[PDB]
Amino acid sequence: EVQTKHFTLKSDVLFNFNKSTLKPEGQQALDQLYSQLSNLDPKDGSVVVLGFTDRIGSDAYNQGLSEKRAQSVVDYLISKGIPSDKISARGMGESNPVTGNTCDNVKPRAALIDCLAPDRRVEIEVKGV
C-alpha cells in the first residue's frame, strides 16, 4: 500500500522439534520485532504469518506443524496488541523453499538438516504501516 514489510524467523530458534509452543528466545525475537510489526494503519493494515518446513519436513514427524507454528506466532502477537481481525496464519509446509536445488546431493541425515536450515522458517508479511 504505502508500505509493506517482511520478516523472517528461524523455526529452529522458535520451536522445539515437532512442537509449536514458542521458545523463550523465539518470544524475544517476536518482541524485538513487534515495534515495527505493529505500526499499521488501524483501518487497512494486515498481518499474515506463514509457516514453512523443508522438503523432508525434518522439523516434525506429526502433521499440521507448520500451520500450528504460524498460529502460535499469531497468538503471541495478539497477546502483544495486534488485534485479531487484522492477523491470520497459514501453513505453507514445503512450498517455496529458499535453498532451491542446493541440497539435492546431500545424503547424510544431519548434514542435510544443516543444509536445509534456511527453509525451516516463519515469514511475516505486513501491509500498511
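When you see a residue number, it is the position in the sequence shown, counting from 1.
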79 to 87 set against 48 to 56, stretch whose average Cα temperature factor tops the other in the entry: 79 to 87
Segment of higher mean CA temperature factor, 32 to 40 or 58 to 66: 32 to 40
Chain third (lowest, middle, highest) by recorded CA B-factor, residue given as residue 19: middle
Modelled-residue ranking by C-alpha temperature factor, third containing residue 106: highest
Position of residue 72 among the chain's modelled residues by C-alpha B-factor, lowest, middle or highest third: lowest
B-factor third for the C-alpha atom of residue 129 within its chain: highest
Entry-reported Cα temperature factor of residue 93, expressed as the chain third it lands in: middle
